[PDB]
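The next block holds one structure in the form of structure tokens; read it before the comments.
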Ligand SMILES: [Cl-]
Ligand SMILES: [Cl-]
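In the entry's author numbering, the protein residues as written are 1 to 162.
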């Protein structure tokens with residue numbers, strides 16, 4: 001298992017514009033297009049991302065390409081963030097993939113707001129961090145996915161992902 005397979009499981013793959021769990025227009029592997037209510041704005045953002053007139057539909061390769069770019073950006077966002085970097089560097093490989101998933105889902109900004117959990121993960125207090133991460137809107141809005149990431153931060157193995 002690796003970060004790409006992990007996020008492919010959590011996000012799914014859809015080739016036509018769709019609405020995510022917060023109702024925002026998305027495509028592919030969890031690639032958010034816009035928070036605007038307009039489908040037309042969504043379609044415009046998609047053509048601009050792909051470089052062609054897609055008419056709201058993309059191919060598998062194109063979805064994979066947006067995915068590679070989004071994973072890369074997530075990593076780089078983490079490495080550039082002063083609150084995130086130290087955590088990420090203190091973690092083992094499996095757990096670093098956990099932090100990339102949260103950032104891919106909720107943004108740098110969002111993850112960096114989990115100050116207390118961050119401090120517990122940096123200290124390697126696994127069960128404590130797991131309990132604090134669950135006290136969040138993230139856990140209450142997407143519990144199945146949050147449970148998989150939290151269990152992975154707790155055990156350091158890929159078991160939750162079968
Ligand atoms: Cl893009
Ligand atoms: Cl979920």
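Even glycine gets a Cβ: it sits at the ideal position worked out from N, Cα and C.
Distance from the C-beta of residue 66 to the nearest heavy atom of ligand 1 is below 7 Å.
Judged by the Cβ position, residue 145 qualifies as a neighbour of ligand 2 at the 7 Å threshold, a heavy atom of the ligand being closer than this. Bridge pairing for residue 19: 25 [DSSP]. Looking at the DSSP output, residue 14 shares a beta bridge with 28. Under the three-state reduction of DSSP output, residue 33 falls in the strand class. Shortest Cα-Cα distance from residue 25 to any of 13, 41, 121 and 161 involves 41.
Sixteen is the threshold: when 16 or more other Cβ atoms of the shown chains lie within 10 Å of the Cβ of residue 132, as they do, the residue is buried. In this structure the region 15 to 23 does not touch the region 103 to 122; the number of beta carbon pairs closer than 8 Å is below three. With respect to the C-alpha of residue 146, the residue from 1, 2 and 6 having the closest C-alpha is 6.
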